[PDB]
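The chain below stands alone, shown as structure tokens; this is the form deposited in one PDB entry.
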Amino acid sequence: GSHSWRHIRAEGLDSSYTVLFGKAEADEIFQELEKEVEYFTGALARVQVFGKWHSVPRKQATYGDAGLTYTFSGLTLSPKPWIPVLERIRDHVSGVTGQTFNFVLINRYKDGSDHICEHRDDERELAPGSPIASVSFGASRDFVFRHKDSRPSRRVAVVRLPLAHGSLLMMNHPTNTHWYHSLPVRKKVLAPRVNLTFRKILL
């Protein structure tokens, strides 16, 4: 291991942040991701929330071992077979953390108008206690942690941090039980961002 982590801690919050790649390498990986990743469209890009169906305000893709599935918000996604650039990132993350992953959800935000609404990654197909590894390329975007009982008896402070080009954010147990997260709209950001959340899914 031996890595410079920034620990994000609060009640029920255990997250870690480090920069894995310098600019030249991260640029190279980003350009490969832009060339190689295939995103879902049409019916595989619509979610149901609060009884309404929506096209997702971004693009999504999934890769991982054969036989696995991932379902959230009325949407079931099937993994495409691994490709070199994603295996490079998975293996690097695995070496630095000691954790293994069999699945990745890729989110692409074309600019600051693309975003993701607040949620917990608490799905049943997720291995109990398993961490989620979030790797980011392209534009730096703000990421928000919010405590679930602040929306509002327990006015617990929100946690904000920018996720930089080439960075890794580890979300350990029980972060996803007690805290919601989101990438809010940032109208000033004009460049695209590609995010990878490596997960461990049960068969």
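By rigid core we mean the largest C-alpha set that fits within 1.5 Å across both forms. Shifts are known only where both forms have a C-alpha. Quick note: we count residues from 1 along the sequence shown, nothing fancier.
Beyond the structure shown, there is the form deposited in another entry, which is absent from this document and is the topic of what follows.
With the core held fixed by superposition, the comparison between this form and the one not shown singles out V47 as the only member of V47, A164, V37, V144 whose CA moves by at least 2 angstroms. The two forms, fitted on the rigid core, differ between this form and the one not shown by less than 2 Å at the CA of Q60. Once both forms are fitted on their rigid core, the CA atom of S73 lies 2 Å or more apart between this form and the one not shown.
The distance between the CA atoms of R120 and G51 is at least 3 Å longer in the other form than in the form shown here. Cα-Cα spacing of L77 to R108 is enlarged in the other form versus the present form (difference of at least 3 Å). Core-superposed comparison between this form and the one not shown: runs of at least three consecutive shared residues with Cα shifts of 2 Å or more are located at 46-54, 66-78.
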